[PDB]
Amino acid sequence: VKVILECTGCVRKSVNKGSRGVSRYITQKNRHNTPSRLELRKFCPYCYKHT
Amino acid sequence: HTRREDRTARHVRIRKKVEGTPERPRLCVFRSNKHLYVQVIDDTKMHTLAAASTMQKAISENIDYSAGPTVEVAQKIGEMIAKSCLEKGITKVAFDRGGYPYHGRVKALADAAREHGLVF
Amino acid sequence: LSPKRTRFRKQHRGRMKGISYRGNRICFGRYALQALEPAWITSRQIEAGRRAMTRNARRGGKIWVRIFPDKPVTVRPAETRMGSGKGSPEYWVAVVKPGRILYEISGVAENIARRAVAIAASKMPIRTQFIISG
Amino acid sequence: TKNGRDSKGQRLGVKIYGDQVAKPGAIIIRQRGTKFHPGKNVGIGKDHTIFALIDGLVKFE
Amino acid sequence: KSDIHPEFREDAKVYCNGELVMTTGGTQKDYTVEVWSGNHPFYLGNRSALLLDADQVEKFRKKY
Amino acid sequence: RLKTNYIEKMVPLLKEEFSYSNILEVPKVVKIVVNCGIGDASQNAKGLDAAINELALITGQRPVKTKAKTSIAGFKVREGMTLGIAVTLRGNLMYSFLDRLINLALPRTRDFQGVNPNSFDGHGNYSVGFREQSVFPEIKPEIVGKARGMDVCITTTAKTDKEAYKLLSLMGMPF
RNA sequence: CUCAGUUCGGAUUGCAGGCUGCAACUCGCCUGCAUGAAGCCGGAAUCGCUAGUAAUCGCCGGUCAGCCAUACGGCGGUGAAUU
RNA sequence: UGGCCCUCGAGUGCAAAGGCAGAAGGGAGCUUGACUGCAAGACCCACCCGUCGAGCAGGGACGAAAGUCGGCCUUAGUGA
RNA sequence: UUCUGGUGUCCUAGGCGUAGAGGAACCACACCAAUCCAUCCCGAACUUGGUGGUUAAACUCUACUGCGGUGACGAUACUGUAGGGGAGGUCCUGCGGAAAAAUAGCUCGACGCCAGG
Numbered sequence: 009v010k011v012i013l014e015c016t017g018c019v020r021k022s023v024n025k026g027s028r029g030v031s032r033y034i035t036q037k038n039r040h041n042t043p044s045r046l047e048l049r050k051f052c053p054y055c056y057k058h059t
Numbered sequence: 047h048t049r050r051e052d053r054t055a056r057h058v059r060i061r062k063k064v065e066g067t068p069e070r071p072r073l074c075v076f077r078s079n080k081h082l083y084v085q086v087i088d089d090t091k092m093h094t095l096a097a098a099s100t101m102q103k104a105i106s107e108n109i110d111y112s113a114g115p116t117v118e119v120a121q122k123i124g125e126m127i128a129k130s131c132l133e134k135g136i137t138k139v140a141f142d143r144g145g146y147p148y149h150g151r152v153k154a155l156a157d158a159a160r161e162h163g164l165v166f
Numbered sequence: 002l003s004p005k006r007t008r009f010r011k012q013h014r015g016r017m018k019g020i021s022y023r024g025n026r027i028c029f030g031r032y033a034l035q036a037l038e039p040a041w042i043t044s045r046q047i048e049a050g051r052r053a054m055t056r057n058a059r060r061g062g063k064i065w066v067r068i069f070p071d072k073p074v075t076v077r078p079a080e081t082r083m084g085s086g087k088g089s090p091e092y093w094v095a096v097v098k099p100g101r102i103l104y105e106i107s108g109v110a111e112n113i114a115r116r117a118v119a120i121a122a123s124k125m126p127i128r129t130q131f132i133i134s135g
Numbered sequence: 066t067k068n069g070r071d072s073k074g075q076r077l078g079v080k081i082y083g084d085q086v087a088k089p090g091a092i093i094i095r096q097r098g099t100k101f102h103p104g105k106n107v108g109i110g111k112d113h114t115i116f117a118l119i120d121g122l123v124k125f126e
Numbered sequence: 038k039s040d041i042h043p044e045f046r047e048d049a050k051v052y053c054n055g056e057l058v059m060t061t062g063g064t065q066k067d068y069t070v071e072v073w074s075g076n077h078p079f080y081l082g083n084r085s086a087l088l089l090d091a092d093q094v095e096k097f098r099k100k101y
Numbered sequence: 056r057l058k059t060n061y062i063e064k065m066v067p068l069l070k071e072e073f074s075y076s077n078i079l080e081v082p083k084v085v086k087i088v089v090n091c092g093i094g095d096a097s098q099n100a101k102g103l104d105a106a107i108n109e110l111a112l113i114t115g116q117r118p119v120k121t122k123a124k125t126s127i128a129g130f131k132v133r134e135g136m137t138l139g140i141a142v143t144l145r146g147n148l149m150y151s152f153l154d155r156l157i158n159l160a161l162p163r164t165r166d167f168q169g170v171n172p173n174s175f176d177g178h179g180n181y182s183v184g185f186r187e188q189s190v191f192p193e194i195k196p197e198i199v200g201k202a203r204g205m206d207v208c209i210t211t212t213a214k215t216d217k218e219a220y221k222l223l224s225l226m227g228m229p230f
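Taken in sequence, the protein lines are chains 2, P, N, X, 0 and F. Numbered by the deposited numbering, the letters in the first sequence go through residues 9 to 59 in order. Numbered by the deposited numbering, the letters in the second sequence go through residues 47 to 166 in order. Numbered by the deposited numbering, the letters in the third sequence go through residues 2 to 135 in order. Numbered by the deposited numbering, the letters in the fourth sequence go through residues 66 to 126 in order. Numbered by the deposited numbering, the letters in the fifth sequence go through residues 38 to 101 in order. Numbered by the deposited numbering, the letters in the sixth sequence go through residues 56 to 230 in order.
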């Protein structure tokens with residue numbers, strides 16, 4: 009089916025240095041849910057970027 | 047097919063990735079059944095810089111009845127190859143395994159080369 | 002006559018050049034029919050010359066057809082002329098340049114091969130002669 | 066009723082010939098596959114194109 | 038490797054029905070063995086069969 | 056124990072029979088390899104388990120289900136399917152199972168042919184094959200009602216006209 | 001044995017015999033060993049029988065040197081159900 | 001499945017071409033660089049476009065390191 | 001200061017095969033066991049620790065042109081300009097450049113670094 013879908017982090021609406029939600033374009037997920045370790049979020053080390 | 051051609055093919059496989067530079071020489075090893083060999087060579091001028099062998103350390107500590115390459119003489123020749131190029135101007139080096147897989151006496155040979163502060 | 006398998010269905014033309022230095026020699030047979038004139042020879046004239054000299058020998062000896070066409074000529078129909086749609090199963094064509102041996106014959110005496118090769122040269126759009134195996 | 070007219074327009078080829086002054090980042094060879102393998106002081110690209118790393122002439126051997 | 042391979046025992050007692058015992062290494066400890074190759078009728082089985090059983094005339098004379 | 060019987064008596068008469076000049080030029084058996092040719096083992100799951108347990112008790116070690124080299128139409132064969140279950144045993148197990156071919160195959164065969172001078176004759180490196188004894192007497196035999204394939208390929212070092220046939224002749228292989 | 005293709009069933013084949021008769025191969029019977037096929041009560045249909053009958057178990061004769069007879073012609077034994 | 005011979009004729013998600021033999025082909029381990037902010041200089045060049053890229057910082061993946069990684073052997077898979 | 005053997009680089013790429021030699025030293029196979037390690041099974045491969053004999057396999061050196069690779073000169077096709085012929089296909093001249101294939105040959109590589117004896 010090849011659904012396009014966004015990965016997203018953990019939201020954390022805060023007053024840090026540009027702290028905001030980070031979503032990333034990704035594809036192929038017609039399977040079990042795959043959190044990949046896409047990183048360099050607004051918080052600079054990151055893991056398990058969900059959906 | 048044979049073992050020697052397998053070692054030479056593995057060494058040519060390694061030689062594609064690692065290259066001797068005038069800043070960083072390359073030291074290659076040869077673990078023959080009687081002797082080790084180690085060569086700090088510089089590829090961009092095509093000559094050796096600091097070579098040692100079991101025929102160098104074997105003045106004091108060797109037993110030719112035993113299987114010549116042991117882990118202890120790899121510790122010793124990594125010791126002398128670690129202190130033989132340190133007195134020449136060789137600090138930052140690019141080690142390759144000499145066609146032989148890394149889990150063996152080349153563990154303690156490489157770490158013994160690290161023991162005298164060589165940037166590995 | 003016609004090749005069984007074709008690597009490509011339609012194939013465009015190509016222009017004649019000088020004396021063919023390769024196919025000028027005599028391999029088999031004693032007598033030959035050397036062509037002095039560069040043009041096309043279809044498989045139809047090869048059937049005509051082959052029946053002509055086989056039935057002009059008619060008792061003994063064997064002829065040798067040297068050339069094979071190996072290229073098609075697409076004739077467009079009368080459909081008011083714009084496209085090269087289908088002309089591939091139409092007549093095949095052999096390129097012949099000067100020097101090239103077209104026919105050979107063996108097992109035949111002198112003047113019976115002169116009339117055999119010379120009569121079968123009248124079934125052909127290009128001037129030729131007969132050559133002895135020197 | 067023709068089944069044709071499917072041209073492509075794409076271009077490639079040797080950009081900088083031998084014994085010619087190169088630039089850092091100058092694309093020497095645009096090629097399909099590897100007709101020209103990367104020697105020294107060059108780099109191979111994402112689509113196997115050969116660019117120069119330093120200044121100077123280019124050679125073939 | 039451990040944990041996958043079957044127990045390759047060294048003491049494998051090969052027992053014959055003719056009161057002969059020889060030692061082999063294998064899986065089981067005991068092996069009750071029939072016609073095994075030492076003192077097998079491969080010299081006499083081809084002597085008794087295909088070599089001597091065929092008769093048609095001496096069978097005929099034993100009834101007259 | 057037949058390797059000790061292999062060392063001192065049947066090596067020097069091959070040394071002087073071919074008239075060599077050095078010891079290591081005399082050939083020796085290198086490895087044997089068994090396969091179980093099966094066309095249906097993904098479906099017959101307990102036949103593949105029968106190959107694992109039963110064929111692992113046939114040979115010395117556990118056998119390997121063999122993935123398909125290619126996929127041929129007509130059969131039920133895809134790229135990577137179990138087509139036979141093989142094992143490669145070597146060392147003293149090699150002598151132990153050519154020993155078990157002397158003991159378990161030579162007197163217990165219904166046929167009496169043995170080694171053949173008209174089979175396994177010519178090779179680049181001489182290999183001897185047998186299609187015999189689908190179950191060894193260590194396994195309770197009447198459960199498996201299928202005559203499954205089993206081939207035991209012996210390997211040698213020799214490249215001659217005589218030496219492998221004399222090699223099996225000096226061991227327990229009459230005919 | 002007490003549920004099996006079985007100590008059911010006996011076909012087919014091999015070896016060895018005997019008898020009759022000038023003669024047993026095509027084409028006789030029978031003995032001794034060997035094998036142990038199909039067949040787990042039978043579709044559609046279809047037949048016999050109202051009592052010593054049906055079913056079932058043997059015995060004899062004829063023709064005949066011997067037999068293809070499991071047939072035919074008889075004779076007893078046990079012996080029903082239903083109308 | 002075993003052995004010899006020819007040594008690149010096989011293969012690369014798919015069309016062909018150019019490539020690629022101790023591989024860019026097949027397998028195994030760990031994996032998410034199928035990142036962020038960029039970028040000297042080039043090719044192509046009506047414009048719009050499109051392609052490659054040394055090198056720097058952050059934060060990492062593999063490896064023991066050297067180094068490599070800003071998707072796929074490349075060219076198609078798209079729309080101002 | 002030659003051989004020995006790790007190492008490369010230029011390469012006409014130097015290989016197959018037939019022959020002879022080497023175990024003082026070196027390199028390489030072979031036997032024994034498995035602790036790190038390991039093979040979708042096997043210590044076959046890889047690793048560790050030893051008996052330590054051979055050249056048998058494998059490496060190295062010296063010959064051969066039988067294959068293989070390379071490859072001429074002269075010629076000749078072609079072609080750039082300047083022209084000519086033919087109805088066409090197409091051919092011929094002046095000057096310049098100049099093949100390919102085949103053949104005669106060439107080739108069983110050549111230069112450097114470091115550690116022994």
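Virtual Cβ for every residue (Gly too), placed ideally from N, Cα, C.
Enumerate in chain order the residues of its own chain whose CB-to-CB distance from residue i is below 7 angstroms, with the five nearest sequence positions on each side excluded.
| i | result |
| --- | --- |
| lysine 122 (chain P) | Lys103 and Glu107 |
| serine 189 (chain F) | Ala202, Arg203 and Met205 |
| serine 89 (chain N) | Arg10, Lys11, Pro73 and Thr75 |
Which residue's Cα is closest to the Cα of residue i: the options?
| i | options | result |
| --- | --- | --- |
| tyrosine 104 (chain N) | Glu80 (chain N), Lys63 (chain N), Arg67 (chain N) and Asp71 (chain N) | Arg67 (chain N) |
| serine 126 (chain F) | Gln116 (chain F), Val119 (chain F), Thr137 (chain F) and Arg117 (chain F) | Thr137 (chain F) |
| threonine 55 (chain N) | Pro126 (chain N), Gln35 (chain N), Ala117 (chain N) and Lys124 (chain N) | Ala117 (chain N) |
| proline 115 (chain P) | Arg77 (chain P), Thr54 (chain P), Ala156 (chain P) and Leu73 (chain P) | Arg77 (chain P) |
| residue 168 (chain P) | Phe166 (chain P), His162 (chain P), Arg160 (chain P) and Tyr148 (chain P) | As shown, chain P starts at 47 and ends at 166. That puts residue 168 (chain P) outside it, with no answer to give. |
| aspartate 216 (chain F) | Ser182 (chain F), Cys208 (chain F), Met226 (chain F) and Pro192 (chain F) | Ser182 (chain F) |
| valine 123 (chain X) | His113 (chain X), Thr114 (chain X) and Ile93 (chain X) | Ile93 (chain X) |
| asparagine 68 (chain X) | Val97 (chain N), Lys87 (chain N) and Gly108 (chain N) | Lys87 (chain N) |
| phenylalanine 167 (chain F) | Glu187 (chain F), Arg155 (chain F) and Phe152 (chain F) | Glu187 (chain F) |
Excluding the 5 residues flanking residue i on each side, which residues of the same chain have their C-beta closer than 8 angstroms to its C-beta?
| i | result |
| --- | --- |
| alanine 113 (chain P) | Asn79 |
| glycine 84 (chain N) | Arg77 |
| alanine 159 (chain P) | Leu73, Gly124, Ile127, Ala128, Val139, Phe141 and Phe166 |
| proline 99 (chain N) | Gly19, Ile20, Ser21, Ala36, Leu37, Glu38 and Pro39 |
| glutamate 91 (chain N) | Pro73, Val74, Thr75 and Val76 |
List the DSSP bridge partners of residue i.
| i | result |
| --- | --- |
| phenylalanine 76 (chain P) | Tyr83 (chain P) |
| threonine 54 (chain P) | Answer by DSSP bridge pairing: none, since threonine 54 (chain P) is not bridged. |
| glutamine 130 (chain N) | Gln35 (chain N) |
| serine 106 (chain P) | Answer is none; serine 106 (chain P) lacks a bridge partner. |
| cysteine 53 (chain 0) | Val70 (chain 0) |
| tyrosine 104 (chain N) | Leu34 (chain N) and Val66 (chain N) |
| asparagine 90 (chain F) | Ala141 (chain F) and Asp206 (chain F) |
| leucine 13 (chain 2) | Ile34 (chain 2) |
Grab me the residues of residue i's own chain with a C-beta within less than 6 angstroms of its C-beta, minus the 5 sequence neighbours each way, in chain order.
| i | result |
| --- | --- |
| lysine 58 (chain F) | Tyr150 |
| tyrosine 83 (chain P) | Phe76 and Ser99 |
Return the CA-CA distance between residue i and residue j, expressed in angstroms with no decimal places.
| i | j | result |
| --- | --- | --- |
| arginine 56 (chain P) | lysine 62 (chain P) | 10 angstroms |
| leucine 69 (chain F) | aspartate 176 (chain F) | 19 angstroms |
| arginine 49 (chain P) | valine 58 (chain P) | 14 angstroms |
| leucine 223 (chain F) | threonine 114 (chain F) | 20 angstroms |
| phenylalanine 230 (chain F) | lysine 131 (chain F) | 40 angstroms |
| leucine 95 (chain P) | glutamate 118 (chain P) | 24 angstroms |
- Determine which residues of the stretch 148-168 of chain F have a Cβ less than 8 angstroms from any Cβ of chain 0, and write them out in chain order. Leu148, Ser151, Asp154, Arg155, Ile157, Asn158, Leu161, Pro162, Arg163 and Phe167
- Using a beta-carbon distance cut-off of less than 7 angstroms, what residues from the stretch 94-114 of chain F approach chain 0? Cβ contacts with chain 0: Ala111 and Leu112.
- Query: Just by C-beta distance, which residues in the stretch 67-87 of chain 0 are closer than 8 angstroms to chain F?
  - Reply: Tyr68, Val70, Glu71, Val72, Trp73, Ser74, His77, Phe79, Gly82 and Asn83
- Task: Can you give me, in chain order, the residues of the stretch 218-230 of chain F that have a beta carbon less than 8 angstroms from any beta carbon in chain 0?
- Result: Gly227 and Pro229
- Between the stretch 116-133 of chain F and chain 0, which residues of the former have a C-beta closer than 9 angstroms to a C-beta of the latter? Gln116 and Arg117
- Under 8 angstroms (Cβ pairs) to chain 0, residues found in the stretch 190-221 of chain F: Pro192 and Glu193
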